[PDB]
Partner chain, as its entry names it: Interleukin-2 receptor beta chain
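Take a look at this one chain, the form deposited without the partner chain, written out in structure tokens.
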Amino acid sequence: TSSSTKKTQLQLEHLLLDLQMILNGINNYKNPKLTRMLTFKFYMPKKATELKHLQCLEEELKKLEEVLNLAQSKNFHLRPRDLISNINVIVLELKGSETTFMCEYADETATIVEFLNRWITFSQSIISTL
């Protein structure tokens, strides 16, 4: 692979790992607020096959932050503000130069777990196809 491909694969892995960390940290037998967190409704991408589709993740990060404020502080090195800001920086760069592309959402909302599963899968998939 090229150097550009490799650094994109690296940004995507860093994105992956932070999304993974959030999901593991909230979705476990020990989190007494998981039930409450699952009541929130995340918008989902209609299609997520290309880096520009990360726009759909970006637009949900404020919501993600709000839900993460219910999590166990002890499960995260960073405060949710700082973790989400890091994800935001990576997403902004990975999605590419913003055209007239606002992203297209599915009608069905999803729990935080479904939402994070979608984006982790998306990231794993794109790494594999670069």
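Residue numbers count along the first chain shown, from 1.
The stretch with the higher mean CA B factor, choosing between 62-70 and 95-103, is 95-103. Comparing 41-49 with 73-81, the stretch with the higher mean C-alpha B-factor in the PDB entry is 73-81. In the PDB entry, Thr129 places in the middle third of its chain by CA B-factor.
When the modelled residues of the chain are ordered by their C-alpha B factor, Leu10 lands in the highest third.
Only in words, not in the display: the form deposited with the partner chain bound, which the text now covers.
Looking at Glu98, you'd find every heavy atom of it more than 4.5 angstroms from the partner chain in the bound PDB entry. By the criterion of a heavy atom within 4.5 Å, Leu51 is excluded from the residues contacting the partner chain in the bound PDB entry.
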